[PDB]
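Have a look below at one chain only, the form deposited in one PDB entry, in structure tokens format.
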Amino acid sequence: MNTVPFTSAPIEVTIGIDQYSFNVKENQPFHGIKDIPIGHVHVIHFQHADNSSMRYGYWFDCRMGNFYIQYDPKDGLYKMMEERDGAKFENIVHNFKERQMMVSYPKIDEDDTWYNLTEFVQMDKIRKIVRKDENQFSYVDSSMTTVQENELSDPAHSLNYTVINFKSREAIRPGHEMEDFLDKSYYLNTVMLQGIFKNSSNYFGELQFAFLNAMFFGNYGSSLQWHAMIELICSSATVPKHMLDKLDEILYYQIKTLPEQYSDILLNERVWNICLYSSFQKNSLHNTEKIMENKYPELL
């Protein structure tokens, strides 16, 4: 179990840690989060009380260094930083734990929710989508645009997701125009899986990261990317059986975790109805289709 020490909490803020969240009042004596499960990536995120504009946060993996949060009154946000002096850090944390100034990561022991939402997500791949190589953690917020959005403006502050575009020369082989547009197996299996992602795990990892940024930051570009990657699989007639079985699980847990009230903006009606009811894979996502129909039958 690891710990993320907060210098202090000078401004009132809702703090997120993975799928959990709690309120901290202005200048409350809050010094961070403890008992964070090792072995998973995590995201610690923020919405100021005074300006719900700009949700922002940090993706991190405690095995990659000692990280702490300190408010910056110039830039006006809670900033993640790395402490290289390991002894200084253990010493700082032990004081705050003895004085019980930390919230505990509240993992119920039956609860695999966070594992099931980050199974394929790896920090090294996150750092390639979010380019800022001087830090081992990755900053994301609501307003960051994706590389493909910038094509349709600051590249340093972009989300460099894999560009997917069904009406592109990459997606469509000369002479197989109809075949490749109505059955995207070539684009999924040869172009994306064999070509770009190398395997299904890296594909699912980006998909899972896209969902999480959409849900936690309301990042519209991430939501576009999540849906594109689902549709590409659902629109492929030929998909390994293990990827379909995993996709069904991945999505099930994403739909299970989505806030009931945010369904209207995070779920694309066309994609979901197509995937579940029209696509080649309409009969292959039993778990996902059952939770969608019982929880969001309006959308369908």
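Throughout, rigid core stands for the largest set of C-alpha atoms superposing within 1.5 Å between the two forms. Heads up: residue numbers just count along the shown sequence, starting at 1.
Heads up, the form deposited in another entry isn't pictured, but that's what we're talking about next.
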Superposing on the rigid core between this form and the one not shown, the only one of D245, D264, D35, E26 with a Cα displacement of 2 Å or more is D264
After core superposition, I'd like to know whether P106 moves between this form and the one not shown (criterion: C-alpha shift of 2 angstroms or more). no
Can we say the CA of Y139 moves by at least 2 Å between this form and the one not shown when the core is superposed?
no
Answer yes if the CA of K79 moves 2 Å or more between this form and the one not shown after aligning the rigid core, and no otherwise. no
Relative to the shown structure, Cα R99 and Cα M81 in the other form (3 Å or more change) are closer
The CA atoms of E98 and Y68 move 3 Å or more in the other form, ending up closer
